[PDB]
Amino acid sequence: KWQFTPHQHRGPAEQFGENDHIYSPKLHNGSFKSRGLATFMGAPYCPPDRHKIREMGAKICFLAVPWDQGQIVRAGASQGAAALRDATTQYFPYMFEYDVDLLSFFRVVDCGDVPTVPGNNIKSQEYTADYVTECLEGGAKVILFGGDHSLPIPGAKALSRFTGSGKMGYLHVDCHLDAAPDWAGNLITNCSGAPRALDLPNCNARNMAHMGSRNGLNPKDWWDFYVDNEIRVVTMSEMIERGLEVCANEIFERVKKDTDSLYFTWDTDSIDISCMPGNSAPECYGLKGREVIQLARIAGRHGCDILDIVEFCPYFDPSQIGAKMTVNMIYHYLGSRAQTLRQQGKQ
């Protein structure tokens, strides 16, 4: 049921070794040059169905939500997932920096993509919500790869419902504040993630936070939302003055305090344009490469129930840098999470 082939290829030169996936390939070059039929991390494919998930004992579901028509800027994010999956072939599922085999530690599965209904934000978001719900209810934590930054609306709703009478935090890392009460009357575009979360019955201001804002594509109402609701914003200025680590640990403490679950949405435009040109609206004065990897390490020490990464557009990138940066956001989060769990004596 939870099965995959180390280094992908079946047929006469199949490898069968149970640990072959964390070692140099033996019979051939695996997927390192030619992608073939690669799933995320070479993980087994598993339908986003709570029975199948639960039967495989999967603890991490990778689920792509490519929807990019909830967006007030420009389409392209729908091509992200495919470049992500390709970039994972350039890596092993083993991380020497944490001494962890990500794949076997988490029994990670690739849940494929969430279907879309073109031109129908409302129905596509219900699909996403349903799909996430199956992953949570199958007993797994979730990686969601966008797609538009409309993604935390159905994502936070899925987690809110599943959390029940518990309490949920919401962390938002981004170049933009994304707190339009509405955008030309629309409540559910990619620039209203934070207000929509605050609307959820078990998500409270005190367990919400934003990081990474700078420059001037933040209308005053998006700022005013944070001020009026007393939600911790850490600008890019403060992150640089006080240190990434200090700020990060502080807000992770704030969003985890007396919460059962955490929703963490991470917009790739939080990353400096030099490192992430392939973006829906890329901005300078952002995280450096080493900082992205450090923030992902920190997030993994703390843990979240859903990590979403959004707004990656490979069409606007000549190289592999964007896709590989995005692999690293995930892989360092998972590696760090595994290292932390192992030292605590746990999953």
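Each residue number is its position in the shown sequence, starting from 1.
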query	finding
Higher-B stretch (mean Cα B-factor, as the entry records it), 217 to 225 or 87 to 95	217 to 225
Higher-scoring stretch by recorded Cα B factor average, 108 to 116 or 179 to 187	179 to 187
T259 - which third its CA temperature factor falls in, relative to the rest of the chain	highest
Within-chain third of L27 by Cα B-factor, per the entry	middle
Assigned third (lowest, middle, highest) for the C-alpha B factor of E311	middle
Cα B factor band for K52 (lowest, middle or highest third within the chain)	middle
CA B-factor ranking of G322, expressed as a third of its chain	lowest
